[PDB]
There are 2 protein chains.
Amino acid sequence: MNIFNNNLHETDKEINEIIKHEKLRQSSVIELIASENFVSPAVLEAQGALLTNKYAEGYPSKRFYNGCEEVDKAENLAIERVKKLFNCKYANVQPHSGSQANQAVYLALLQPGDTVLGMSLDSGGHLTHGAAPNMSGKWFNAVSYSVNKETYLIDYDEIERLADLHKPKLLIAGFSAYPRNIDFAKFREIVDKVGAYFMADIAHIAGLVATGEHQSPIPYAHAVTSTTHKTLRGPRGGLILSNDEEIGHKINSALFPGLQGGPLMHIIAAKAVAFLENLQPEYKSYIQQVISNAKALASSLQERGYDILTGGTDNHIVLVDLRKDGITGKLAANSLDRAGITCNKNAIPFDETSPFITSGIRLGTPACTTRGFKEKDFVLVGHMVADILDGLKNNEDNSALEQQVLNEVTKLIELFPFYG
Amino acid sequence: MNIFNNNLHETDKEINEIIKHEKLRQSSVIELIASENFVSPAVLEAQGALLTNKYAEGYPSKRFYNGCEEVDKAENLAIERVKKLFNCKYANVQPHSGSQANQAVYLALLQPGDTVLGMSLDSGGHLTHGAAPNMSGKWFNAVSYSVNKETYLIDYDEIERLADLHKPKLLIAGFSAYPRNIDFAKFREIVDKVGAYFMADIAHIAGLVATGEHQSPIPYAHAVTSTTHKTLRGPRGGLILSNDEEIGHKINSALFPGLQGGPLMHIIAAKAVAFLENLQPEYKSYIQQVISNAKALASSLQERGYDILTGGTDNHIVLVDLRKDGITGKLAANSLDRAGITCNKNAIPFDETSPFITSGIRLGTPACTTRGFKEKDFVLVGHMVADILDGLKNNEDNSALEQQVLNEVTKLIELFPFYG
């Protein structure tokens, strides 16, 4: 009737109960999914703002609806803060997601059928970099590069060979599952020789870039894309950056009216909140701890006899290579899940095992590090993981051990802060 | 530092102040932008949920991340509630927006270059129905149909003519600025004639469809798209429905992994909350009031001698034809804005005037009807609008009159409920 009196606790108990139970779930597990994080209550408050009521097609001071004077201030703050954060000249804070950020760049620079060179799914590249079931592979001529079959590291000579062979219109750098540094300078050197554009998709490592813990793609890429969630620890959404303002104009037009309609102004306000958090000195210390934790985790696993792809990590990601142990990554991830530790199965490059099964798992540190985990806590986590993997090697039924480990997980995770 | 201590009113005063001022702005104006509404506090609470922390690529029970048991419950509730609301067999509640919902249908059914027949911008169709600056016009062979030049109404014989001529692969029905009923059965007869798919984009009128106040496209269209905001009064996002389970499977794959990545689970929970509100008996009463208010608004303006396109309306939209009055839509909308009344300039079909200028305005009743406006109140609004337009005909400067009306707008809007 008067919807302004509708309170969720009263009007939708089912959804209210589900939200409560999700909070409990997040609080009670060890979240090692590499792409996940926990946002601040401040981000949540802005995320839930009545700014959702406002249609704001266009850009600040250049909208297609009157009445945007306040939402313009929010978007301008998001843009100014992220430009400061990444030391860049152009930003677009409107993309609804990492995927839409990428698509805006495609719409700005490419025609359907154009050749695009990206990291293969097999090697740890993202869906949106040319995978067959994604728009990027369906509507464009996607060709792929892969890591070295021995070292599992990016091979720039190979990329240059493929760039000359295929003359791509766009070369993408970036990944969803790769544990080492990328040389963006080399990517630009290669695209210039073949007359291609260079897009750097830094969704996973955006927080490292922002704090100088990874080389910035801003001097090198024509377009830089990212999620605002993941290591940046912002609300769920996308982001495009560049130091090329002429390409920036093309990206602006590609995002709207090219790709999206009304932006999510409440999410953009939340992006501003998260960017201000990123600008705090403590954010650099957080990313340094994220990386330190990842190295401790990898080392605890090696100590227990498990193999780590590339032998370690320069980032938040740890890739476990389970081939010598006869354990599938699917079986591992599922047992770990029942033990209170969430992670993903992960394909080992060049493995002939179905990607549905895999021979690896992918672990990430940002979420627990946000809850205050230090190195010794990730050492403990590494041993819990090893305990479960050992059980899968030596038992048909891992239920007893899963319950054992879940007991430990529960006593460890309740020691760290969470939402009030 | 522990970000769980971050409270918005302490860590980001600038954003806090902007949100506070946006609440004030929304509260103090007469909002006649037809695509706008006000969501319930319950929807806002879910919208700001920590469900944003969960990655949930895939679909309920078929995700690419463990840990989705609770978010799966929210999405399933959204799906079941919307299927009941629209009496349909298939629903996708993941689209980030109306634009992305439409793009999923394109990815599901079309190839770049395919011929697509949709309503022209000039006649009140949407950007995503084939407009040149949008992906739909850039990447496809977009051809358009327009309203009748004498009546300003959809001519089905004309649409059928263009379908026979162009043999489109897809025919779209739906609009952003059209004030009358659309016959979906006619549209389906026409696509069957030429072997095309039929998409009904009901974003604006979705509330009328949900409550039986407009013919449903469910029995007729291969795919039905919508926003969840607008007349449905939900969180900002998109929606796809169908009665065709086969098409449904294709749409599911087109949305993910075709177009999007991680869904916004907090928004999906909010969609579920809003769908339950939609299922209440009062929502039907609300839509009926929306329509009666629009008719009252059009009639009041007519009393004052102003012209209404098509002579009235069957929905939430009132189109004012300002040509006989020598007032541009740009001057009208801008003068009204300063007087506390927000609306859009609107291109009159076939008018030679630049669409930047226009010779019309577009008014809508859902936002104020949500605040409890009745017919007599929209009559008052109509006279306030007419007062401003009279001023633009007879004044070198409308400032004094804008302030006079703003005082009256202020006195009227304060009488109606809003957020606490």
# chains A, B, ... in the order shown; residues from 1 in each chain; ligands from 1
call {"tool": "interface_residues", "arguments": {"of": "chain A", "to": "chain B", "cutoff": "6 Å", "atoms": "only C-alpha atoms", "output": "MDAnalysis selection string"}}
result
chainID A and resid 1 3:4 6:8 22 38 40:42 44 47:48 53 70 99 133:135 257:258 260:261 419
call {"tool": "residues_around", "arguments": {"residues": "segment 309-316 of chain A", "least_positions_apart": "4", "cutoff": "8 Å", "atoms": "only C-alpha atoms", "output": "PDB file with N, CA and C atoms, in the first residue's frame"}}
result
ATOM      1  N   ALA A  34      39.990 -17.055  -4.880  1.00  0.00           N
ATOM      2  CA  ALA A  34      40.954 -15.967  -5.138  1.00  0.00           C
ATOM      3  C   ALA A  34      40.305 -14.665  -5.595  1.00  0.00           C
ATOM      4  N   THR A 151      57.625 -24.401 -17.791  1.00  0.00           N
ATOM      5  CA  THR A 151      57.746 -23.451 -16.684  1.00  0.00           C
ATOM      6  C   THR A 151      56.398 -22.883 -16.242  1.00  0.00           C
ATOM      7  N   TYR A 152      55.392 -23.057 -17.092  1.00  0.00           N
ATOM      8  CA  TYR A 152      54.052 -22.514 -16.861  1.00  0.00           C
ATOM      9  C   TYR A 152      54.046 -20.992 -16.751  1.00  0.00           C
ATOM     10  N   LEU A 153      55.089 -20.373 -17.304  1.00  0.00           N
ATOM     11  CA  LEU A 153      55.227 -18.919 -17.347  1.00  0.00           C
ATOM     12  C   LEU A 153      54.939 -18.369 -18.742  1.00  0.00           C
ATOM     13  N   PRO A 179      49.913 -16.905 -11.360  1.00  0.00           N
ATOM     14  CA  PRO A 179      50.518 -16.514 -10.085  1.00  0.00           C
ATOM     15  C   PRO A 179      51.762 -15.628 -10.178  1.00  0.00           C
ATOM     16  N   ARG A 180      52.096 -15.111 -11.360  1.00  0.00           N
ATOM     17  CA  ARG A 180      53.312 -14.303 -11.508  1.00  0.00           C
ATOM     18  C   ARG A 180      53.085 -12.951 -12.197  1.00  0.00           C
ATOM     19  N   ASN A 181      54.142 -12.140 -12.232  1.00  0.00           N
ATOM     20  CA  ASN A 181      54.110 -10.796 -12.818  1.00  0.00           C
ATOM     21  C   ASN A 181      53.921 -10.823 -14.331  1.00  0.00           C
ATOM     22  N   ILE A 205      44.549  -8.443 -10.359  1.00  0.00           N
ATOM     23  CA  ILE A 205      45.713  -7.819  -9.739  1.00  0.00           C
ATOM     24  C   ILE A 205      45.593  -6.317  -9.576  1.00  0.00           C
ATOM     25  N   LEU A 208      47.133  -4.767  -6.634  1.00  0.00           N
ATOM     26  CA  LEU A 208      48.597  -4.717  -6.670  1.00  0.00           C
ATOM     27  C   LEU A 208      49.063  -3.523  -7.505  1.00  0.00           C
ATOM     28  N   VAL A 290      48.599  -9.449   1.796  1.00  0.00           N
ATOM     29  CA  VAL A 290      47.960 -10.397   0.882  1.00  0.00           C
ATOM     30  C   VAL A 290      49.016 -11.254   0.178  1.00  0.00           C
ATOM     31  N   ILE A 291      50.056 -10.600  -0.332  1.00  0.00           N
ATOM     32  CA  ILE A 291      51.120 -11.295  -1.047  1.00  0.00           C
ATOM     33  C   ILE A 291      51.964 -12.152  -0.095  1.00  0.00           C
ATOM     34  N   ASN A 293      51.057 -13.446   2.727  1.00  0.00           N
ATOM     35  CA  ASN A 293      50.205 -14.581   3.088  1.00  0.00           C
ATOM     36  C   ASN A 293      50.169 -15.644   2.010  1.00  0.00           C
ATOM     37  N   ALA A 294      50.092 -15.211   0.759  1.00  0.00           N
ATOM     38  CA  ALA A 294      50.064 -16.149  -0.349  1.00  0.00           C
ATOM     39  C   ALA A 294      51.357 -16.958  -0.404  1.00  0.00           C
ATOM     40  N   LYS A 295      52.489 -16.287  -0.208  1.00  0.00           N
ATOM     41  CA  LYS A 295      53.767 -16.991  -0.205  1.00  0.00           C
ATOM     42  C   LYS A 295      53.876 -17.980   0.959  1.00  0.00           C
ATOM     43  N   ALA A 298      51.680 -21.059   0.089  1.00  0.00           N
ATOM     44  CA  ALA A 298      52.347 -21.902  -0.900  1.00  0.00           C
ATOM     45  C   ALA A 298      53.448 -22.708  -0.246  1.00  0.00           C
ATOM     46  N   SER A 299      54.221 -22.046   0.606  1.00  0.00           N
ATOM     47  CA  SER A 299      55.340 -22.717   1.266  1.00  0.00           C
ATOM     48  C   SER A 299      54.899 -23.790   2.252  1.00  0.00           C
ATOM     49  N   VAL A 320      47.854 -25.036  -6.919  1.00  0.00           N
ATOM     50  CA  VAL A 320      48.374 -26.338  -6.518  1.00  0.00           C
ATOM     51  C   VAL A 320      48.257 -27.334  -7.669  1.00  0.00           C
ATOM     52  N   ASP A 321      49.364 -28.008  -7.965  1.00  0.00           N
ATOM     53  CA  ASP A 321      49.460 -28.977  -9.060  1.00  0.00           C
ATOM     54  C   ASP A 321      49.352 -30.372  -8.454  1.00  0.00           C
ATOM     55  N   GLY A 364      43.320 -18.384  -2.896  1.00  0.00           N
ATOM     56  CA  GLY A 364      43.638 -16.970  -2.881  1.00  0.00           C
ATOM     57  C   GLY A 364      43.573 -16.419  -1.475  1.00  0.00           C
ATOM     58  N   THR A 365      44.412 -15.431  -1.187  1.00  0.00           N
ATOM     59  CA  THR A 365      44.428 -14.847   0.144  1.00  0.00           C
ATOM     60  C   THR A 365      43.622 -13.569   0.462  1.00  0.00           C
ATOM     61  N   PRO A 366      43.039 -12.852  -0.537  1.00  0.00           N
ATOM     62  CA  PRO A 366      42.507 -11.534  -0.152  1.00  0.00           C
ATOM     63  C   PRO A 366      41.423 -11.531   0.926  1.00  0.00           C
TER      64      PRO A 366
END
call {"tool": "closest_residue", "arguments": {"among": "A:190, A:165, A:240, A:142", "to": "residue 202 of chain A", "atoms": "only C-alpha atoms"}}
result
A:240
call {"tool": "residues_around", "arguments": {"residues": "segment 184-188 of chain A", "least_positions_apart": "4", "cutoff": "12 Å", "atoms": "only C-alpha atoms", "output": "MDAnalysis selection string"}}
result
chainID A and resid 117:118 154:160 163 170:174 192:202 209 214:224
call {"tool": "select_by_dssp", "arguments": {"residues": "segment 116-327 of chain A", "states": "strand (DSSP E)", "output": "JSON, numbers by chain"}}
result
{"A": [116, 117, 118, 119, 141, 142, 143, 144, 145, 170, 171, 172, 173, 197, 198, 199, 200, 201, 223, 224, 225, 226, 227, 238, 239, 240, 241, 242, 307, 308, 317, 318, 319, 320, 321]}
call {"tool": "atom_distance", "arguments": {"atom1": "atom CA of residue 114 of chain A", "atom2": "atom CA of residue 88 of chain A"}}
result
28.1 Å
